[PDB]
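Protein chains in written order, with the numbering used here: chain Z, 25 to 242; chain S, 25 to 242; chain V, 8 to 56; chain P, 84 to 296; chain R, 8 to 218. Below is one structure, written out as structure tokens; the observations come after it.
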Amino acid sequence: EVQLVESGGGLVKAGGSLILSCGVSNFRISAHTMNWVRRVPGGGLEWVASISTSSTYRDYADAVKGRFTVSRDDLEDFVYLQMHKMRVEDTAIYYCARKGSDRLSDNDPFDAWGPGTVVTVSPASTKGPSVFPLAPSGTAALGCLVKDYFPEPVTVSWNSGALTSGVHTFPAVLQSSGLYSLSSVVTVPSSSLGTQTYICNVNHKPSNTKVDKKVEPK
Amino acid sequence: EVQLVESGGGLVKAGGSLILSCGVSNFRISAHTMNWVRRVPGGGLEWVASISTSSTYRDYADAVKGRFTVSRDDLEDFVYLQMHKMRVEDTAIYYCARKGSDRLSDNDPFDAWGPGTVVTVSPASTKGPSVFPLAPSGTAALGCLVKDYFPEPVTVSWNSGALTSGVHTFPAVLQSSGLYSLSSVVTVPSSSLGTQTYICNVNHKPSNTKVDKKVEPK
Amino acid sequence: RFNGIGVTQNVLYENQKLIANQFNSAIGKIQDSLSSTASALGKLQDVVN
Amino acid sequence: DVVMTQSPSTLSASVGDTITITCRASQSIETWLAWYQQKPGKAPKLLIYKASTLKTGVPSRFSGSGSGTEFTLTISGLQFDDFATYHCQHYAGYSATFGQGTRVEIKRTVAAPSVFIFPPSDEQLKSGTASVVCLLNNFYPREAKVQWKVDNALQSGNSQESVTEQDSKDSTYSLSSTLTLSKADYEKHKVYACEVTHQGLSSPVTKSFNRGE
Amino acid sequence: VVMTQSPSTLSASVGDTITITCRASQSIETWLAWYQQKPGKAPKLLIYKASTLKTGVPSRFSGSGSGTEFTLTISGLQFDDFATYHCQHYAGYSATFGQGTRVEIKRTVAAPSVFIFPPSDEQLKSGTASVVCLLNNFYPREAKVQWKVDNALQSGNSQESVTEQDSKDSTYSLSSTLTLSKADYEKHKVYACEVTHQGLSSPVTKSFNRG
Ligand SMILES: *[C@@H]1O[C@H](CO)[C@@H](O[C@@H]2O[C@H](CO)[C@@H](O[C@@H]3O[C@H](CO[C@H]4O[C@H](CO[C@H]5O[C@H](CO)[C@@H](O)[C@H](O)[C@@H]5O[C@H]5O[C@H](CO)[C@@H](O)[C@H](O)[C@@H]5O)[C@@H](O)[C@H](O[C@@H]5O[C@H](CO)[C@@H](O)[C@H](O)[C@@H]5O)[C@@H]4O)[C@@H](O)[C@H](O[C@@H]4O[C@H](CO)[C@@H](O)[C@H](O)[C@@H]4O)[C@@H]3O)[C@H](O)[C@H]2NC(C)=O)[C@H](O)[C@H]1NC(C)=O
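Encoded structure:
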């Protein structure tokens, strides 16, 4: 028996990027042309890429040609597949199989395969923010809490740029959900809380989302 | 300017695997020793891997030695870094750095750097499930419902193996949270809903989190 | 040796990597032959038989 | 360039049946076909490494043929082991292409789905998520369609389906569909229904419930 | 090879001449370099071969030393020079770095003004509670925030973020967010934030009672 061991596969976002790799055991890849194959949710096998012995010639299936790059390491026995700007239909199990035979030739089938690794390309390429008020309970503090937006960045202004003094817009934090969240605050005179209107202008160019939120006492 | 662009960042779990890569423009990589570097939580740098010209030598810091693997593919100008068995201290920005000078020598600093990509290793190496009853409305259907676990499997049995006829446990689904969900069901005579107490004895075997739930009419 | 077969010796240097690679590849086929095909040794096994 | 025209897309049979399948190349190849089995979610296994040319270690029940344009696979009395997909491949030096695989399956008469709808448990709902489940408990053949309607509004994009493979005692398929809604959105509407069509049904079947009743 | 760098934080005024020292555990000859790093940016080379200034690096940066003692001198700090800095031993096919030094603008000690904010009703109705503790306009940068719920020390459920030095008053500000589901937040009443800082003779606590 001989073995191949795919790694790196998981959840992805459309127009995002991932890299797969395949290790091996009981054999050396330095003799073999190495191939990537996938099984789509529709159940059919698609060939994806190959790279020759001696790393000479690299070839691709026409759905991934130009978008993907196949790579190899003949010494530690690893193969790689960069997947730049994935499509929703790049969702598949991705297998790494060796072109091979007991005696090798200038044309053979795939005589050993690894168990395959799942890749899912979720269709949400950009997510637009939610915006929530940070309500002011001398000097008072108020703000806006931008949340659940992807990718960066978000820009925030206050009163269309007329209110700049005392404003702090914080660096975003990356949540364990894979989505970003930032807060923008401003300190102002407590006396102005009854008359002055405070509006934070949240712009998210990647989703083409604009939100104007008025922040007022509860 | 010299152009470098990393790809393949984002979230990972302790004990998990990832692959980084970097591609370049305005130079060919083949004349350069190439490196990976990271910025650990104290704002300090660490060097992570270096691969020489023609892939002759590969050296690593002791923290990542034997866990990681660098590779390069000069004919398309790409560099790769596999990260098997990631651990929480690998949480950092990562960068692809060129060893170089205005005039290259046998030993040089790192001259051109890509903008970097973030990698986060979350400590959720075995996230235990949430387990919930599916309550019976001549034949009745009941069940149990598993949400929010990683990795697979979550395993289920009915009354510690006393019930097996009409039992089904469904294939897991990968949620947009990046965590698994499934359900287990059984069909039984409606007359038995009053006398027989159905229970599901479960385990998330990776975390060895053993759970039970009685299923009875609401 | 290329001058010995009457081939002008620059035909080696202008092709030296191609010739080195064809020698190395042809030595590779010897292992595939001798590993796979026990009947290649037929004369020596005939003498021993 | 070659495309493979494999036929049928699904073959129905049973234990001990001799079965034949056929791959037809859209333009001629020099007998460069091979054939694979694939069990659900597994790696394929190579059976026949050139047309009519069985791989060593493969069970002797397998066979096939090739004519440069038309080709076959044949199995000499199916085992319970054989009820998997089968794929033809045309393999060239640095590329390949495959047939849309012939799914081999255990035959029976047509059977319509028993449909059941489940509301979210109160215990799920208090956490803020509502998962509404529709169960097509047993039917044959595999192909069925389920649509969700909320307040008679056809839903789109908020459900996930999975099918269990053939049951060990009756060989029926079964489907469940999960409609996912936050607690907020779920309490916005009353009726939650699923509508089913299938080979055995003369009209669509709808199961519904009213939230809170 | 191992290296040490001192001081870990250097506070100075604009125009000052400052020195940052690197010490190697064993002789490294003149095989050492220096790097400037801004927040959120990859490091930029300043000096190599101990003293060799990189082409285009301003003349105010200089380096000296050999064997085990090395110094980076900035002669006349400009506002651009207030950054992270790192000594770096380099060898034919490898390197190593010291711990770094952070250079900041010096000002008097200023204690944080502390504020705690409970979760908004809107967010709370969605099922998540994010309290936010704010430490406003403090100096120096080191501050510690501990969250306590019903006098219970929290751990692993908060994240922090800190601003860069304010351009007008040279202070820092810090926000800490403790995140809890609605299911976990309603379990406990009081939510406190215990702050320690060089400007506080004893820790300061701001709290609220749920509801
Ligand atoms: C004078 O004559 C000589 C020959 O006598 C000429 O030299 C030859 O020139 C050809 C044309 O330029 C080159 O052909 C091209 O090569 C590339 C790459 O080929 C790689 O694979 C070769 C085969 O290796 C296989 O097969 C053998 C058995 O035959 C096995 O032992 C081996 O292990 C390996 O097996 C694996 O791969 C198979 C598929 O390849 C699988 O079926 C197996 O199961 C297994 O996985 C190999 O020998 C080559 O060796 C290298 O060659 C490099 C130079 O090309 C050289 O740099 C290096 O050092 C090695 O020596 C390669 O590794 C193919 O991809 C080309 O395919 C065509 O591409 C076209 C598009 O570009 C396309 O339209 C067309 O359809 C084809 O797909 C093509 O075959 C030869 O490689 C080259 N040979 C040598 C020894 O140099 C010379 O050029 C000529 N000069 C003049 C002026 O006339």
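We treat Cβ as the ideally placed atom computed from N, Cα and C, and that holds for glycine.
| query | result |
| --- | --- |
| Is any heavy atom in ligand 1 found nearer than 8 Å to the beta carbon of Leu116/P? | no |
| For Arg96/Z, go through chain S and note every residue whose CB falls closer than 9 Å to its CB, in chain order. | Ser95 and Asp97 |
| Alpha carbon to alpha carbon, how far is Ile102/P from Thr152/P? Give it in angstroms, no decimals. | 21 Å |
| In the region 90-109 of chain R, which residues sit with their C-beta less than 9 Å from some C-beta in chain S, listed in chain order? | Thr91, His93, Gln95, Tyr97, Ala98, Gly99, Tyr100, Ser101, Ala102, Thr103, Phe104, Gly105, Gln106, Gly107 and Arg109 |
| Following the continuous beta strand (DSSP E) through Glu153/P, name the residue where it begins and the one where it ends. | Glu153 to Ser159 |
| Closest to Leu284/P by CA distance: which of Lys228/P, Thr261/P and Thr180/P is it? | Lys228/P |
| Would you mind stating whether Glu188/P and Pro142/P have Cβ atoms separated by less than 9 Å? | no |
| Report yes or no: do the region 202-217 of chain Z and the region 168-175 of chain Z share at least 3 C-beta pairs separated by less than 8 Å? | yes |
| Leaving out five residues before and five after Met107/S in sequence, what residues of the same chain have Cβ atoms less than 6 Å from its Cβ? | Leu42 and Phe92 |
| Do the region 208-215 of chain S and the region 159-171 of chain S meet, that is, are 3 or more Cβ pairs less than 8 Å apart? | yes |
| Inspect the beta-carbon positions of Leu44/Z and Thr179/Z and report whether they are closer than 9 Å. | no |
| Just to confirm, are residue 219/R and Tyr92/R a CB contact at a threshold of 9 Å? | It is not possible to answer for residue 219/R, since the shown part of chain R is limited to 8 through 218. |
| Thinking C-alpha only, which one of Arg63/S, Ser49/S and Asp135/S is nearest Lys123/S? | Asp135/S |
| I need the DSSP call for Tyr192/R, collapsed to helix, strand or coil. | helix |
| Mapping the DSSP letters down to three states, classify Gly167/Z as helix, strand or coil. | strand |
| Within 8 Å: the Cβ of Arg96/Z and any heavy atom of ligand 1? | no |
| Which residue spans inside the region 184-238 of chain S form an unbroken beta strand (DSSP E) run of at least 3? | 191-193, 204-213 and 222-228 |
| Kindly examine ligand 1 and report whether one of its heavy atoms sits closer than 8 Å to the Cβ of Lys61/R. | no |
| Looking at the structure shown, is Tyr81/S part of a helix, part of a strand, or coil, going by DSSP? | coil |
| For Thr108/R, collect the residues of the same chain with a Cβ closer than 8 Å to its Cβ; drop the 5 residues on either side in sequence, then sort them by chain order. | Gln12, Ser13, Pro14, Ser15, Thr16, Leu17, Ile27, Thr91, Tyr92 and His93 |
| What residue does the alpha helix (DSSP H) around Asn28/V start on, and which one ends it? | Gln23 to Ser43 |
| How far does the alpha helix (DSSP H) with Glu129/R in it extend, from its first residue to its last? | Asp128 to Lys132 |
| How about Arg122/Z: is its Cβ closer than 8 Å to a heavy atom in ligand 1? | yes |
| Taking C-beta to C-beta, are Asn50/Z and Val26/Z nearer than 9 Å? | yes |
| Below 6 Å CB to CB, which residues in the same chain sit around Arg62/Z once its five sequence neighbours on both sides are set aside? | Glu70, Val72, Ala116 and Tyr118 |
| Return the CA-CA distance between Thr221/Z and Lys242/Z, expressed in angstroms with no decimal places. | 14 Å |
| Contact criterion: CB-CB distance below 9 Å. Does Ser204/P meet it with respect to chain R? | no |
| So does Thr80/Z have its beta carbon nearer than 8 Å to some heavy atom of ligand 1? | yes |
| Just to confirm my understanding: we take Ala40/R, look at its own chain, exclude 5 residues before and 5 after, and list those with CB closer than 7 Å. What are they? | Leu52, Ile54, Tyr55, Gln95 and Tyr97 |
| Mind checking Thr44/V: buried by the 16 CB within 10 Å criterion, or exposed? | exposed |
| Indicate, with yes or no, if ligand 3 has a heavy atom lying under 8 Å from the CB of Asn131/Z. | Ligand 3 is absent from the structure shown, which contains only ligand 1. |
| Between the alpha carbons of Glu278/P and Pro202/P, how many angstroms are there, rounded? | 15 Å |
| Give the straight-line distance between the Cα atoms of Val36/Z and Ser146/Z, rounded to the nearest whole angstrom. | 6 Å |
| Taking C-beta to C-beta, are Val121/R and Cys140/R nearer than 9 Å? | yes |
| For a contact defined as C-beta to C-beta under 9 Å, what are the partners of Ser210/P on chain R? | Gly134, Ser188, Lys189 and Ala190 |
| Skipping 5 residues on each side, what residues in its chain have a beta carbon closer than 7 Å to that of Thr155/P? | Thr103, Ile104, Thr105, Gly147 and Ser148 |
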